[PDB]
Each structure stands twice: as C-alpha cells, then as structure tokens.
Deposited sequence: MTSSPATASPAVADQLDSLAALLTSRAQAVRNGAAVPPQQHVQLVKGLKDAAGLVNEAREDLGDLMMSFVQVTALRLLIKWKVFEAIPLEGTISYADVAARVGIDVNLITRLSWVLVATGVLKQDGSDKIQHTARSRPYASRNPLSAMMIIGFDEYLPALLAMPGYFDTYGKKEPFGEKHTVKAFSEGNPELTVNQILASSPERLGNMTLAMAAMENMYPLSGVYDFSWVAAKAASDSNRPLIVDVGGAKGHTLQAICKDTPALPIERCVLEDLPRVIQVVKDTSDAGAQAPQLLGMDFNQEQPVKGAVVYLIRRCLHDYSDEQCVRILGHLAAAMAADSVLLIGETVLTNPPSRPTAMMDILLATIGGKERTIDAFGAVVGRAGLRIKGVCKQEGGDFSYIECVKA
C-alpha cells in the first residue's frame, strides 16, 4: 500500500534528473522490496533461475573474450564477434540474447550487438570482472554443495580451517581454502584483484578521532601507539598516520603471519618509512604489551566464537587499563540487510560468519573485555567496536 506510493514518488523524481548519493540507494532498495511484494512464488523462482542463467552467460562471454571483441561504442554483428573469438555464432547468439533480454547488452537490428554501461566493466580485467569470476568460480560451487555438505557433516554452523564447504565442493575436504587457492596462482590472482575493490572502503581515520591517542603519544613518548593485528599490508595504519604529525607511523606495529610480513618487506621502497613489522600468530600470545590502541580489522568474521574469544583474550591480557581495542567488522542488524545476510552465508562456505552487536558482546565479554562504544559508517553496517578491559 504505502510503500508503492513512496517508491512511485522516487520514480517521478529521478525521471527528471535524467533530463544525490542517498537518493540512488533509497530507490534501489524500494525497487527490490516492491518487486518482492508484487511477486508471487512462481515469479520469484523464474527470476532466480534467470539470475543463474545471466551469471553463466556473463561468465562464459568474459571467459571467451566476447566482451573484449565488442567495441565499447558502436555496434558489431554477431557474425563478426564470433569470427573474432573463433566460436560458433549460434552459441554466441544464444548466450548474448540472455544479456540482451536482461539489459546487460543491447541488440541493434536483428543481428548487431553493443555494450551498455552495465557490460563495459566486463570488457577488461579489473576488480569488478574479477568479482564476477570469483563469485562464479569460488562461491557458487560451495553454495550448490551445501545440501550434501550438511547431510555429510551435520546440520550445524560450519567452522574450522579444514572441511570447509568450499573444500568439500572442490573434492578436497582435507585441504584449507588457502592451499586450494594457492595451488593455481591464476585463481589467487583473481581473488587478490577482486578484494582490491573493498580494501579502500570504510577508512578508519576520520571515522574515529585519534586526538586522544596523540595526547597519549606525547605523555608517553616510548609506548607503542597503534598495533594493527592481522593488518595485511598496513594500509589502515598508513591512512591513520599519513598527514598526522602527532601520530607517527614509526611508532606503530603492523602484525601478520610471517609469510605476509616478509612480502611487506620485499615490496617496500628503500627510504619509505614504515611501522614496525612483526610476524606473529594472533591465536598466540600478543607480543606487544600496553599499546594505546589494538586494531583487529576484518579478522574475527573468519572464525568461530570460541576461536574469537581466544584471539581477543590474548589482546586483553596484553592491553593496559587505558588501552582500547578496535574491532572493525560488519555489525548485523537483527534482522540483517540484504548484502550482509548474503555475505554471512558466503562466509559460512569458508568457516566464518557475520555477527550482531549481541553476538560480539558475548564474545567480547568472554575475553574479559567490554564494549565501550560503536562507530558505524554512514550508509552501511561496517563498524568499529571500541572495547576496553573489563
């Protein structure tokens, strides 16, 4: 009733902008919710099946260099595309038609094809096309394998390095997800490039005031400022310190697995001044004691509650009474949004989960900590949960 009226107004409005950053996303959500309302189950399942055929056509046409063979502007015949890529024109045509019917491609006349704004990213190698490939190659098989997986392993939340849904779907339940993706650096390459999209997002500086850390940096000129626990390449630490002279990158500690820390070293320019580099295992005792801030960003969602309590317990033991622990993770609403529920199930294929603030509270308290506050990013659920010793 009412929601149809609301969306209908957001439809009239955006029709004259054709002739507002929140305005785009209030309309994409309303269109989805309206679609769900008008739709009955039979239309739902036809829509679902169409999504699977569409991603399959996307995957094949990328793989076969068809999007490359279509000029970014102007038209080209199906015959000319098929000769360029050396493929049966009938098969090119049937798969292209899927994307024409869904608006990803545009057909001109009876025999010519052209790119749209929605298909051009697939014409080259980049984070978006890497995400498409990874979704199809690394997540869909695991999803389709979940019915058999839960009959095989029991119908409970899956956790643990071995016997992931992913490894089960690959025929190799004994191997870890790292071993699987590392045994074909072409696969690792698409995984790495795809994660480049979301490495920029949700910057910690500007969302969290570190002035209070500056005052600590002066009042104690010796103590470690910010320890980035599992910080990968240390980009979060860099952004924090970049143009803050009172927060010196040289006073911070980047921690990760020794193989990751070694790669950080081997890819730094000579005089580039960096934080301290420390290879370690955060399932073990925290080597740096009494830092002002411990940061653990996008690590806890990979693990069970019990493993998270062990990880956080090591940080709490190493923290001082005035220390702060910052957990950077999605905080699910109850119920969660569409993209975070989707990521929650994707994480289940590799032994992880997303969590509500209640689930984080249980884990944090078990580690001898307490939640002092939460800074949530605007327009999403990614947050920094500020914790202190209990």
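Peer 1: Note down, first to last, the deposited-sequence stretches for which the model contains no C-alpha atom.
Peer 2: Coordinates drop out over 1-12, 32-36.
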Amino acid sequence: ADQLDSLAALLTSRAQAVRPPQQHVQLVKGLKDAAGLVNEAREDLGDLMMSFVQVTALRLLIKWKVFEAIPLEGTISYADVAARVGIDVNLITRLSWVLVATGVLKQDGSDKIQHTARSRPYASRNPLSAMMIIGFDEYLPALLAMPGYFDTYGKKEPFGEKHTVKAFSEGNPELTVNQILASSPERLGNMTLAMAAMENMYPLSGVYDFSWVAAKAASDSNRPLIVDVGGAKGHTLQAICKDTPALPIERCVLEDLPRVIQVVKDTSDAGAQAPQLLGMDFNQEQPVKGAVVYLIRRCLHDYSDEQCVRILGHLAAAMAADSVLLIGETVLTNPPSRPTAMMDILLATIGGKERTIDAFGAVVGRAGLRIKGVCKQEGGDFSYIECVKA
From here on, numbers count along this sequence of modelled residues.
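Peer 1: On mean Cα temperature factor in this entry, is 23-31 or 339-347 the higher one?
Peer 2: The stretch with the larger mean CA B-factor is 23-31.
Peer 1: Which is higher on mean Cα B factor in this entry, 7-15 or 366-374?
Peer 2: That would be 7-15.
Peer 1: For the listed 74, 230, 103, 203, which has the peak Cα B-factor recorded in the PDB entry?
Peer 2: Highest CA B-factor of the listed options: 203.
Peer 1: Identify, among 165, 91, 315, 213, the residue whose C-alpha carries the highest B-factor in the deposited PDB entry.
Peer 2: It is 213.
Peer 1: Comparing residue 36 with the other modelled residues of its chain, is its CA B-factor in the lowest, middle or highest third?
Peer 2: Tercile = highest for this residue's CA B-factor.
Peer 1: Give the position of residue 182 by CA B-factor within its chain, expressed as the lowest, middle or highest third.
Peer 2: Ranked within chain, residue 182 CA B lands in the highest tercile.
Peer 1: In terms of the chain's CA B-factor thirds, is residue 297 lowest, middle or highest?
Peer 2: Lowest third - that is where residue 297 ends up once the chain's C-alpha B-factors are sorted.
Peer 1: Among all modelled residues of this chain, ranked by Cα B factor, put residue 283 in the bottom, middle or top third, i.e. lowest, middle or highest.
Peer 2: Residue 283: CA B-factor falls in the middle third of its chain.
Peer 1: Place residue 320 in the lowest, middle or highest third of its chain's C-alpha B-factors, as listed in the PDB entry.
Peer 2: For residue 320, the deposited C-alpha B-factor lands in the middle third.
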